[PDB]
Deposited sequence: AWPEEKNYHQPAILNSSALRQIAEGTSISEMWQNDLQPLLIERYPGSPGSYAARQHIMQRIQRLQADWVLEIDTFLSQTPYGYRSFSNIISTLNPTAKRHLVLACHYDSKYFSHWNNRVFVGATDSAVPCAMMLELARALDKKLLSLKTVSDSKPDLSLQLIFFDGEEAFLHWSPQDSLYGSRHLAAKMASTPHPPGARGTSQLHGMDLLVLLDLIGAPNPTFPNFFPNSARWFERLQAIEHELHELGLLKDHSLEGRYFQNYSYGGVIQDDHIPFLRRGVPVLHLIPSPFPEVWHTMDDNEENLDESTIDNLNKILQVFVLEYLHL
């Protein structure tokens, strides 16, 4: 019956002084320097930067005081170039806990051929950095979960999202196609009474392509609608208290409108197995998407900080903290 708790979970909404605490307790300056800048490198799967990217992540996660259980999931899969290795990163609190909220990003960049290298600033680098910051910021509040609903937080940094040659069902989402199936096969909790690690997913909040100025995120899925509306309410109630920077209520990030087609992303292998997905990707896509102009100079430090704040409150509301 606990697989069905996700369908009924309710937030605990923070008060205005608490929102005043979380907006000061995070800072895009530290995020920029300590978490985001080292991943502004060439890091395709099986590359030198891929390892450096991965060890950046885990190191920062072990700087923290909350006892994150790190897991590297290395595996082989065929690509248009023969058999490659991919290693998803998975950071977990309360691995023994039955239900997990999952904030997800992919940390690989896409292999490209003038005098400029593709670092995918928005294509993963900022969203993966935003996941690092939130953990550093909420550390003192996550440390409360160490001492003991049965719900905690999980960070996933997928590998091999990108097409190697030409984007197709077969040449895409390597890291998440494997990790969904692996999760559909891993007995969770250690009791192993007919439940999977996929069943222990409450909600997959997949960040992607976030750093650009003026993003509008559509509401993709009915079954995550209410959490999209909590994102609206969180953005409203941060602005109304004057906690958002260069933010206007007429050009907001989270607008109600629906999306008709489907976008293929790391959520797709889990959506196909009945995981409630909250896909935080903007439509339209950033104009820099998949061009080497995708870089730090075309990022909006103030937009990212507003979204840092909005997301950090969502999971502090989701987790009843």
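J.: Unmodelled stretches of the deposited sequence, numbered from 1?
T.: Several regions go unmodelled: 114 to 115, 151 to 154.
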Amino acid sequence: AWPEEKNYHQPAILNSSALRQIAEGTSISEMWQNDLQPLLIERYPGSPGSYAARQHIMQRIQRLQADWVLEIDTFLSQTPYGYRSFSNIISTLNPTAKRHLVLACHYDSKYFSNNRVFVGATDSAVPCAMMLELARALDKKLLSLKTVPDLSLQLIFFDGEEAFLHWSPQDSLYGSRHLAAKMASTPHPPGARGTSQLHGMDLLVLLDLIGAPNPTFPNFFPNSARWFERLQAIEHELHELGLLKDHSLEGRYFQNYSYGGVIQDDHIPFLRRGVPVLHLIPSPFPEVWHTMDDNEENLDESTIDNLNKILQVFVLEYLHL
From here on, numbers count along this sequence of modelled residues.
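Only the largest set of C-alpha atoms that superpose within 1.5 Å between the two forms is called the rigid core.
J.: Could you tell me which of the two stretches, 48 to 56 or 253 to 261, has its Cα atoms lying farther from the shown structure in 6 other deposited structures of this protein after fitting on the rigid core?
T.: The stretch that sits farther from the shown form in 6 other deposited structures of this protein is 253 to 261.
J.: Fitting on the core, do the C-alphas of 120 to 128 or of 186 to 194 deviate more in 6 other deposited structures of this protein?
T.: It is 186 to 194 whose C-alphas lie farther from the shown form in 6 other deposited structures of this protein.
J.: Specify whether residue 145 falls into a modelling gap in a third or more of the other PDB entries of this protein.
T.: It is not, since residue 145 is included in all of the other entries that model both flanking stretches.
J.: Using the B-factors recorded in the PDB entry, average over the C-alpha atoms of 288 to 296 and of 266 to 274, then report which stretch comes out higher.
T.: If you average the C-alpha B-factors of 288 to 296 and of 266 to 274, the larger mean comes out for 288 to 296.
J.: Which has the higher mean CA temperature factor in the PDB entry, 68 to 76 or 201 to 209?
T.: Mean CA B-factor is higher for 68 to 76.
J.: In the PDB entry, which of 219, 115, 154, 186 has its C-alpha at the highest B-factor?
T.: Each of 219, 115, 154, 186 was compared by C-alpha B-factor; the highest is 115.
J.: Out of 250, 235, 162, 229, which residue has the highest Cα temperature factor in the PDB record?
T.: If I rank 250, 235, 162, 229 by C-alpha B-factor, first place goes to 250.
J.: Looking at the entry's B-factor column for C-alpha atoms only, identify whether residue 48 ranks in the lowest, middle or highest third of its chain.
T.: Middle third - that is where residue 48 ends up once the chain's C-alpha B-factors are sorted.
J.: Quick one: classify residue 60 as lowest, middle or highest third of the chain based on its Cα B-factor.
T.: For residue 60, whose C-alpha B-factor we compare with every modelled residue in the chain, the answer is the middle third.
J.: Sorting by Cα B-factor within the chain, modelled residues only, which third would residue 136 end up in: lowest, middle or highest?
T.: Residue 136: CA B-factor falls in the middle third of its chain.
J.: Going by the CA temperature factor in the PDB record, which third of the chain does residue 21 belong to: lowest, middle or highest?
T.: For residue 21, whose C-alpha B-factor we compare with every modelled residue in the chain, the answer is the highest third.
J.: Quick one: classify residue 14 as lowest, middle or highest third of the chain based on its Cα B-factor.
T.: Highest third - that is where residue 14 ends up once the chain's C-alpha B-factors are sorted.
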